[PDB]
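Note that the protein sequences, when read in sequence, are chains A and B.
First residue of the first sequence? That's 44 in this note's numbering, and the numbers climb one at a time after it.
First residue of the second sequence? That's 2 in this note's numbering, and the numbers climb one at a time after it.
Have a look at the structure below before the remarks.
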Amino acid sequence: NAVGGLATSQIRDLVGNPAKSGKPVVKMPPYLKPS
Amino acid sequence: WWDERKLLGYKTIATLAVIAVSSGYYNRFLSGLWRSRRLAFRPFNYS
Ligand SMILES: CCCCCCCCCCCCCCCCCC(=O)OC[C@H](COP(=O)([O-])OCC(O)COP(=O)([O-])OC[C@@H](COC(=O)CCCCCCCCCCCCCCCCC)OC(=O)CCCCCCCCCCCCCCCCC)OC(=O)CCCCCCCCCCCCCCCCC
């Protein structure tokens, strides 16, 4: 598991996967609900 | 001018008919670009 003394996988899971911020959600007026 | 008039009428109508047929085909051919258009809209990110 440790590659040269480093738990790289663990580090990856803590460093290599930042969260991605997507488009803001638009609140739908009730009269636009019908498809 | 009775006979000359009748004959000229026949010939003029025949030639105009040929022109009408050809131009009608060409018009319907050109309109095929617009009569088959398609639209698509990228949806918004609603709740
Ligand atoms: C004989 C020589 C002399 C006369 C020549 C006359 C012209 C002959 C035709 C041309 C020859 C070449 C071959 C055909 C080419 C295609 C047709 C063509 O040329 O289209 C050109 C051109 C193409 O237009 P477009 O860009 O497609 O858009 C027009 C439509 O919006 C388009 O809308 P759409 O496409 O969604 O559909 C609506 C419909 C509108 O057009 C019409 O309605 C025109 C036809 C009307 C007669 C239909 C007869 C059959 C009906 C059967 C029953 C149906 C049900 C009806 C009832 C239902 C009830 C529930 O459109 C068409 O019909 C387009 C043509 C479709 C067929 C394509 C060709 C197929 C191959 C041909 C052979 C087919 C098999 C038969 C075997 C061979 C037989 C010889 O057509 C027109 O511009 C329309 C012409 C008719 C206009 C009539 C209204 C006039 C309004 C007022 C203006 C004038 C004011 C002053 C008048 C009074 C003065 C005193």
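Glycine included, C-beta positions come from ideal geometry on N, C-alpha and C.
Subject >> Given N46 (chain B) as reference, the closest of A:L75, A:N44, A:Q53, A:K70 once Cα atoms are compared >> reply: A:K70
Subject >> Residues from the segment 2-26 of chain B in contact with chain A, defined by Cβ distance under 7 Å >> reply: none
**OP:** Give every residue of the same chain whose Cβ lies closer than 7 Å to the Cβ of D4 (chain B), excluding the five residues on either side of it in the sequence, and list them in chain order.
**Re:** none
Original post:
At least one CB of chain A closer than 8 Å to the CB of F42 (chain B): is that the case?
Top reply: no
Original post:
Should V68 (chain A) be listed as close to ligand 1, given that the test is whether its C-beta is under 7 Å from any heavy atom?
Top reply: no
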